[PDB]
């Protein structure tokens, strides 16, 4: 479960997501608009990350590191399907 990995892992995973994206991820899985705002407003905090907020939130909801990969794969695979759609 995502909110239960060690800080280095979670921290490492979140900043990598902080460049791309977390709204697409969040959108692909589902978790609501107002749930996401807690996350969006993280950016106001000098060092803060919405992805960190998002992953912990996803963790709490019951997401494993294998469900996460399922999502990121789908994210990759629907980006192209989108890009080649009329």
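Positions refer to the first chain, counted from 1.
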Practice task
Quick one: classify how much of the deposited chain lacks coordinates between residue 30 and residue 31, choosing none, 1 to 3, 4 to 9, or 10 or more.
Solution key: 4 to 9
Exercise for the section: Report, from the record, the number of residues in the deposited sequence between residue 20 and residue 21 that have no coordinates, as none, 1 to 3, 4 to 9, or 10 or more. Expected result: 4 to 9
Practice task
On mean C-alpha B-factor from the PDB entry, just flag whether 51-59 or 37-45 is the higher one.
Solution key: 37-45
Handout entry: Mean C-alpha temperature factor, higher of 21-29 and 8-16
Key = 8-16
Handout entry: Ranked C-alpha temperature factor of residue 84 among modelled chain residues, by third
Key = highest
